[PDB]
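Engineer: Below are the structure tokens for one structure; questions will follow.
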There are 2 protein chains.
Amino acid sequence: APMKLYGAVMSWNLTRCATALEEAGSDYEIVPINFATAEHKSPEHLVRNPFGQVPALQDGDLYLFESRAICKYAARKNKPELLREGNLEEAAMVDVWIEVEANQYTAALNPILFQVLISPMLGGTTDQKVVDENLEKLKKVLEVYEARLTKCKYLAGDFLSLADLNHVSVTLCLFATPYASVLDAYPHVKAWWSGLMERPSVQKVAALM
Amino acid sequence: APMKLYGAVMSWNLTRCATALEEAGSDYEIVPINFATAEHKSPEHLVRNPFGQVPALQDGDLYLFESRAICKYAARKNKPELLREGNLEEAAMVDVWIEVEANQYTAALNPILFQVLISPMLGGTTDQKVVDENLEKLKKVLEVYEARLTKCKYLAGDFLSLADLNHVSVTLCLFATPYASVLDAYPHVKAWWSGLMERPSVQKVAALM
């Protein structure tokens, strides 16, 4: 009955899946994968993800991988309204913004979250060089989000969709560091992020970390 | 009035859309964008793509950007069979592989295409180091594609889907480098490519280049 989500809760890619599963109201549980013992590279795991990585989802005998693919499925199966399937124009927007998150927002955030967050916990120091330039890249993205959110309640339009939830796992991480002050320069992105932060699904996900 | 695909035929992100538009029998028209004139950063283009990039698609009054989203749109609008909409398990399978193209296949192929094809065109030289390194990363993906293609007729199952088509533009470019031979060690992957190559849709985009 419950779908098994494979991966350690410390990965923001698995929590991207947890966000959608929590919102669609899916029956699921997490199964941690230890990287220390190369568990992700075991034969049992390779039948779930041939590329040997997490996340991986199992629904009965159905195996899925790639966080964003796992996300569309949980909505597609439990809360399709998050995909606006049925309305062509609306569904097109959700896709447009699901791609922007991956190719724009997160792409600028990734270098940052590592320097400011992962690197130090592994015993390293933060490279300001990298942080500074990526903050510029992200800055230009937030200006667009700012205009977008001035005209629309949410990213895909006046409704919540997968485009929105897909941004929480990385943003929650950003919000745990002193760089959360970059959102203050964009009132609408800020308001938007607060609205999302109220949702129980988001609070649970934040709790998983 | 035909759809408008904005951008130069030269970019494979642009032609990725053409492949989808072609196969869906979409009535479209290519509208070049000259970067030399910062035309992509013109206020006119900024209405089509807030990020000032190509491709951008116009359908009457609808405006879409980000290639893989434009692709889903044309398929959903003119050929929903490519998405396998009505089958939860099949649609999920399509999504998984649409991500694999972007996150594994083209992730390894892009660096090589820039070095071998773009760099020299601009007036530079190919850095073999990055060609060999990414060539290694690619083989690891190919051996998994090989395994998949033995079990299934196509990537998402025994049916052609957008997942397959989305690999057209970049692979087409690979077949324009001395590296097109890598596929020879991967029989099912090679057969799969040859099967696709015989479609008029891929023959039309190849012509566009």
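Identifiers in this document derive from the order of the structure tokens: chains are assigned A, B, ..., residues are numbered from 1 separately in each chain, and ligands are numbered from 1 in order of occurrence.
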Write out as a PyMOL selection string all residues of chain B that backbone DSSP assigns to alpha helix (DSSP H).

Structural biologist: chain B and resi 12-23+67-78+88-100+106-113+119-122+128-151+162-165+168-174+187-197+200-208

Engineer: Select from region 41-108 of chain B every residue with an atom at most 9 Å from any atom of region 21-29 of chain B, then for each give the shortest pair of atoms and their distance in Å to one decimal, using only C-alpha atoms, rows by chain and rising number, as CSV.

Structural biologist:
residue,atom,partner,partner_atom,distance
B:59,CA,B:28,CA,8.9
B:70,CA,B:21,CA,8.9
B:71,CA,B:21,CA,7.1
B:74,CA,B:21,CA,5.7
B:75,CA,B:24,CA,5.8
B:76,CA,B:24,CA,8.8
B:77,CA,B:24,CA,8.3
B:78,CA,B:24,CA,5.3
B:79,CA,B:24,CA,5.1
B:80,CA,B:24,CA,8.6
B:82,CA,B:24,CA,8.4

Engineer: Write a file of the just-selected residues containing C-alpha atoms, as a PDB file, in the first residue's frame.

Structural biologist:
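Output (part21.pdb):
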ATOM      1  CA  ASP B  59       0.653  30.320 -30.172  1.00  0.00           C
ATOM      2  CA  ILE B  70       7.434  23.851 -25.453  1.00  0.00           C
ATOM      3  CA  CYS B  71       7.862  20.224 -26.478  1.00  0.00           C
ATOM      4  CA  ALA B  74       3.021  20.667 -28.953  1.00  0.00           C
ATOM      5  CA  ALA B  75       2.632  16.999 -28.080  1.00  0.00           C
ATOM      6  CA  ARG B  76      -0.211  17.622 -25.703  1.00  0.00           C
ATOM      7  CA  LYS B  77      -1.941  19.936 -28.175  1.00  0.00           C
ATOM      8  CA  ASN B  78      -1.511  17.955 -31.375  1.00  0.00           C
ATOM      9  CA  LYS B  79      -0.365  14.450 -30.459  1.00  0.00           C
ATOM     10  CA  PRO B  80      -1.114  13.448 -26.822  1.00  0.00           C
ATOM     11  CA  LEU B  82       3.492  11.045 -27.313  1.00  0.00           C
TER      12      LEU B  82
END

Engineer: Kindly provide, as a PyMOL selection string, the residues of chain A having any atom no farther than 7 Å from an atom of chain B, counting only C-alpha atoms.

Structural biologist: chain A and resi 50+64-66+69+73+77+92+95-96+99+144

Engineer: What would the file look like if the residues just selected were written as a PDB file, in the first residue's frame with N, CA and C atoms?

Structural biologist:
ATOM      1  N   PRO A  50      18.881   2.545 -12.337  1.00  0.00           N
ATOM      2  CA  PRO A  50      20.033   2.005 -13.066  1.00  0.00           C
ATOM      3  C   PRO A  50      21.220   2.891 -13.032  1.00  0.00           C
ATOM      4  N   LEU A  64      10.499   4.129 -10.139  1.00  0.00           N
ATOM      5  CA  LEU A  64      10.713   5.438 -10.749  1.00  0.00           C
ATOM      6  C   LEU A  64      11.919   6.115 -10.176  1.00  0.00           C
ATOM      7  N   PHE A  65      12.530   6.998 -10.960  1.00  0.00           N
ATOM      8  CA  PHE A  65      13.685   7.763 -10.523  1.00  0.00           C
ATOM      9  C   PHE A  65      13.659   9.115 -11.173  1.00  0.00           C
ATOM     10  N   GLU A  66      14.514  10.023 -10.699  1.00  0.00           N
ATOM     11  CA  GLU A  66      14.590  11.421 -11.132  1.00  0.00           C
ATOM     12  C   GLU A  66      13.517  12.123 -10.344  1.00  0.00           C
ATOM     13  N   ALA A  69      10.400  13.658 -11.959  1.00  0.00           N
ATOM     14  CA  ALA A  69       9.509  12.679 -12.574  1.00  0.00           C
ATOM     15  C   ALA A  69       8.667  12.077 -11.469  1.00  0.00           C
ATOM     16  N   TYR A  73       4.355  12.200 -10.923  1.00  0.00           N
ATOM     17  CA  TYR A  73       3.593  10.982 -10.687  1.00  0.00           C
ATOM     18  C   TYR A  73       2.745  11.046  -9.436  1.00  0.00           C
ATOM     19  N   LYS A  77      -1.213  10.882  -9.747  1.00  0.00           N
ATOM     20  CA  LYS A  77      -1.903   9.765  -9.099  1.00  0.00           C
ATOM     21  C   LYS A  77      -2.810  10.132  -7.926  1.00  0.00           C
ATOM     22  N   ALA A  92       0.444  23.990 -19.661  1.00  0.00           N
ATOM     23  CA  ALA A  92       1.644  24.494 -20.318  1.00  0.00           C
ATOM     24  C   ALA A  92       2.455  25.381 -19.400  1.00  0.00           C
ATOM     25  N   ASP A  95       4.396  23.413 -16.701  1.00  0.00           N
ATOM     26  CA  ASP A  95       5.599  22.845 -17.293  1.00  0.00           C
ATOM     27  C   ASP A  95       6.652  23.899 -17.474  1.00  0.00           C
ATOM     28  N   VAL A  96       6.274  25.076 -17.974  1.00  0.00           N
ATOM     29  CA  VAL A  96       7.234  26.161 -18.176  1.00  0.00           C
ATOM     30  C   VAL A  96       7.962  26.481 -16.908  1.00  0.00           C
ATOM     31  N   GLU A  99      10.325  23.774 -15.439  1.00  0.00           N
ATOM     32  CA  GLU A  99      11.614  23.781 -16.111  1.00  0.00           C
ATOM     33  C   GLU A  99      12.476  24.917 -15.646  1.00  0.00           C
ATOM     34  N   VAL A 144      13.122  38.371 -12.149  1.00  0.00           N
ATOM     35  CA  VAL A 144      12.080  37.821 -13.019  1.00  0.00           C
ATOM     36  C   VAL A 144      10.973  37.255 -12.190  1.00  0.00           C
TER      37      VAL A 144
END

Engineer: Could you check which of B:83, B:135, B:172, B:56 is closest to residue 194 (chain B), using only C-alpha atoms?

Structural biologist: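 The closest residue to residue 194 (chain B) is B:172.
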
Engineer: What's the 12 Å shell around residue 128 (chain B), counting only C-alpha atoms, without same-chain residues fewer than 3 positions away, as a VMD selection string?

Structural biologist: chain B and resid 111 to 116 119 125 131 to 135

Engineer: What lies within 10 Å of region 33-39 of chain B using only C-alpha atoms, ignoring chain neighbours under 2 positions off, as a ChimeraX atom specification?

Structural biologist: /B:5-9,30-31,41-46,52-55

Engineer: Please produce a file of those selected residues containing C-alpha atoms, as a PDB file, in the first residue's frame.

Structural biologist:
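The new file out_2.pdb reads:
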ATOM      1  CA  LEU B   5       9.315  29.266 -32.794  1.00  0.00           C
ATOM      2  CA  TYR B   6      11.874  31.909 -31.965  1.00  0.00           C
ATOM      3  CA  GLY B   7      15.553  31.280 -32.440  1.00  0.00           C
ATOM      4  CA  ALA B   8      18.341  30.209 -34.769  1.00  0.00           C
ATOM      5  CA  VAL B   9      18.217  26.753 -36.276  1.00  0.00           C
ATOM      6  CA  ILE B  30      10.752  29.491 -37.400  1.00  0.00           C
ATOM      7  CA  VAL B  31      11.573  33.073 -36.525  1.00  0.00           C
ATOM      8  CA  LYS B  41      17.365  41.060 -24.945  1.00  0.00           C
ATOM      9  CA  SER B  42      15.020  43.393 -26.791  1.00  0.00           C
ATOM     10  CA  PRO B  43      11.878  44.394 -24.817  1.00  0.00           C
ATOM     11  CA  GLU B  44       9.883  42.658 -27.487  1.00  0.00           C
ATOM     12  CA  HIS B  45      11.591  39.359 -26.904  1.00  0.00           C
ATOM     13  CA  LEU B  46      11.483  39.854 -23.161  1.00  0.00           C
ATOM     14  CA  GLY B  52      15.849  36.679 -22.730  1.00  0.00           C
ATOM     15  CA  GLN B  53      16.814  33.303 -24.195  1.00  0.00           C
ATOM     16  CA  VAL B  54      15.840  31.134 -27.163  1.00  0.00           C
ATOM     17  CA  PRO B  55      13.686  29.120 -27.900  1.00  0.00           C
TER      18      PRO B  55
END

Engineer: Go ahead and compute the interatomic distance for CA of residue 195 (chain B) and CA of residue 151 (chain B), in Å to one decimal.

Structural biologist: 16.1 Å

Engineer: Neighbours of residue 204 (chain B) within 10 Å (only C-alpha atoms; same-chain residues fewer than 2 positions away dropped), as a count of residues only?

Structural biologist: 12

Engineer: Skipping near chain neighbours, those fewer than 6 positions away, what residues fall within 7 Å of region 165-167 of chain B using only C-alpha atoms, listed as number ranges by chain?

Structural biologist: B: 16, 19-20, 101

Engineer: For N, CA, C and O atoms, I'd like the residues from the last selection saved as a PDB file, in the first residue's frame.

Structural biologist:
ATOM      1  N   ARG B  16      15.308  21.124 -30.748  1.00  0.00           N
ATOM      2  CA  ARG B  16      14.698  20.092 -29.927  1.00  0.00           C
ATOM      3  C   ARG B  16      13.184  20.266 -30.059  1.00  0.00           C
ATOM      4  O   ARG B  16      12.479  19.280 -30.217  1.00  0.00           O
ATOM      5  N   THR B  19      11.686  19.212 -33.520  1.00  0.00           N
ATOM      6  CA  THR B  19      11.458  17.777 -33.575  1.00  0.00           C
ATOM      7  C   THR B  19      10.057  17.454 -33.041  1.00  0.00           C
ATOM      8  O   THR B  19       9.308  16.739 -33.694  1.00  0.00           O
ATOM      9  N   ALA B  20       9.690  18.043 -31.910  1.00  0.00           N
ATOM     10  CA  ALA B  20       8.385  17.794 -31.322  1.00  0.00           C
ATOM     11  C   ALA B  20       7.285  18.371 -32.164  1.00  0.00           C
ATOM     12  O   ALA B  20       6.266  17.721 -32.343  1.00  0.00           O
ATOM     13  N   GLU B 101      17.197  12.301 -20.314  1.00  0.00           N
ATOM     14  CA  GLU B 101      17.788  12.970 -21.464  1.00  0.00           C
ATOM     15  C   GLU B 101      18.506  14.242 -21.005  1.00  0.00           C
ATOM     16  O   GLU B 101      19.677  14.435 -21.322  1.00  0.00           O
TER      17      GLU B 101
END

Engineer: Would you compute the distance between CA of residue 187 (chain A) and CA of residue 146 (chain A)? Give it in Å to one decimal.

Structural biologist: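 For CA of residue 187 (chain A) relative to CA of residue 146 (chain A), the distance reads 7.4 Å.
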